[PDB]
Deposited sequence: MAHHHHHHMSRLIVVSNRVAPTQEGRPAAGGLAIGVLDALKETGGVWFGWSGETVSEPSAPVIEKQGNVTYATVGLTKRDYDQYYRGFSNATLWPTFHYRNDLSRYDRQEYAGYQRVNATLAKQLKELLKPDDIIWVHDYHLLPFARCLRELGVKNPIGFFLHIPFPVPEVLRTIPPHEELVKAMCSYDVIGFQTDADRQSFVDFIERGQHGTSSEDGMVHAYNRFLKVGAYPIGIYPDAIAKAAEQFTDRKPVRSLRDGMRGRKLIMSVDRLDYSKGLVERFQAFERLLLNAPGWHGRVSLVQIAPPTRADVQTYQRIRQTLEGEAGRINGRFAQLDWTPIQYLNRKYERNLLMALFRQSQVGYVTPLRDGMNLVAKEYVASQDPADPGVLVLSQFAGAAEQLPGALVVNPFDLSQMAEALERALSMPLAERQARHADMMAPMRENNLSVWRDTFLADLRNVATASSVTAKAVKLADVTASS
């Protein structure tokens, strides 16, 4: 059978999504190694079982222009509906194109005629067009892990037209949600670049391609088992002993403006103002791992958040109670699931998220004999897939505060029914379904 060739930027997260298919097909995982090198070298080949890893370094200039620059300082903020934070630079965009072309040229040397190629995320929008320019005829699929912004927002990116054209060199394009798919198709149709056809097909820029929504899932019963197996670890026992007599609201996210952590803190403050009986009886733990602390944008968001924790704690703290426990550190994944299992409320209200997996993991971590309650943003991508979550508009601090209060006081029978209602579709649309449904479409391209 065809080797699966996976292409991504740093070569678990994506790993748990693709590695089984790589192993089944004896495939190749190709991309940047994450290291900067003085001079480029040929890809380093490392076989691990049935899987071949092929990675390359990038010069500092390539890294600054392609990764720090166009990918993370232009595409990332705009695709998260914050083009006010975006900056465009022609030289960075040129390097973004140059790196895509260089990687495609090096991947081509490793390709066999039967391979199918699956490319991941916004760093690699033009990668299929680079491959077609090299004469590569293999099936190529793309999956975008973050939102795809509607045309009024997309068009603020100066080379947006060239990017969408290049994306249609892919045979299959997958997005997280139907709204992302419709956003992409809207651009094409309303710009008179192409038309919609049957069965998700699109005719644009002299090519046909399939465009679909494939929301990424989890393995909910594996998470449940891991959360239980890691409950008897020292950090979990520490959390439990420190929280005795109090309910725990747990919030975990990278320190990004798209996560709305200031709003999360402020709605918790509003809860304490609305319901003074909760003082000393609830705490908010915010875990915010060290993110892209090199960016001046992220340093500012972090300083803002840190001051809000200080302000709210100063306002409500007692000599034996810190309302917001803010921790700037990373926990091992299985341990984190055990921490979710200890938490009566999972507080997952990003302003914009392609598909927040923390919401699914929080729910699947719960003890079904005594499950906690998920409070979820309507902009997290995951709400339609989690019937039973308390869904809120994070721009409405009062609604969020009232959902925290509802979550904290919810009776067991209703908490169990909500948890069951969310577990069932997560089991039905689990991570294997995501991978297999995308790959079946990719294997349906070349069928004559």
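Engineer: What portions of the deposited sequence, indexed from 1, have no corresponding C-alpha atom in the structure?
Structural biologist: Deposited residues absent from the model fall in 1-8, 20-29, 467-483.
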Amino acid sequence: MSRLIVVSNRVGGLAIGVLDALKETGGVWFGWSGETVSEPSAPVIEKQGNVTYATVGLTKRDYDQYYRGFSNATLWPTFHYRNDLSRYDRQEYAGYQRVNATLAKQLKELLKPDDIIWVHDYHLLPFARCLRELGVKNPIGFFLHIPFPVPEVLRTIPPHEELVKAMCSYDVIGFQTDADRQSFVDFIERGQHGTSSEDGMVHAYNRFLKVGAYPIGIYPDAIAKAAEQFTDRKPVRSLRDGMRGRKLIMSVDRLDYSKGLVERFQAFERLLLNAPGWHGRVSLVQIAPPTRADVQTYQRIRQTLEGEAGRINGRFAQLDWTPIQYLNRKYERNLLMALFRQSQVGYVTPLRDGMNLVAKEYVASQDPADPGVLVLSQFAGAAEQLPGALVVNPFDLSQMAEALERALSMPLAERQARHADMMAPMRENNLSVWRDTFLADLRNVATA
From here on, numbers count along this sequence of modelled residues.
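Engineer: Tell me which stretch has the larger mean Cα B-factor in this entry, 175-183 or 271-279.
Structural biologist: Mean B over CA atoms: larger for 271-279.
Engineer: Out of 380-388 and 51-59, which one has CA B-factors that are higher on average in the deposited record?
Structural biologist: Higher mean C-alpha B-factor in the PDB entry: 51-59.
Engineer: Whose CA atom has the top B-factor in the entry, of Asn393, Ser398, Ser38, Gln416?
Structural biologist: Most elevated C-alpha B-factor of the set, per the entry: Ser38.
Engineer: From the list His80, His120, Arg292, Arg87, select the residue with the highest C-alpha B factor recorded in the entry.
Structural biologist: Answer, based on the entry's C-alpha B-factors: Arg292.
Engineer: Divide the modelled residues of the chain into thirds by Cα B-factor and specify which third, lowest, middle or highest, holds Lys247.
Structural biologist: Lowest third.
Engineer: If you rank every modelled residue in this chain by C-alpha B factor, which third holds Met426: lowest, middle or highest?
Structural biologist: For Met426, whose C-alpha B-factor we compare with every modelled residue in the chain, the answer is the lowest third.
Engineer: Comparing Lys137 with the other modelled residues of its chain, is its CA B-factor in the lowest, middle or highest third?
Structural biologist: Within its chain, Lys137 is a highest-third residue by C-alpha B-factor, going by the deposited values.
Engineer: Report the third (lowest, middle or highest) to which the CA temperature factor of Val44 belongs, ranking only the modelled residues of the same chain.
Structural biologist: CA B-factor rank for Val44: highest third.
Engineer: Of the three thirds of its chain by CA temperature factor, lowest, middle or highest, which one includes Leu412?
Structural biologist: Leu412: CA B-factor falls in the middle third of its chain.
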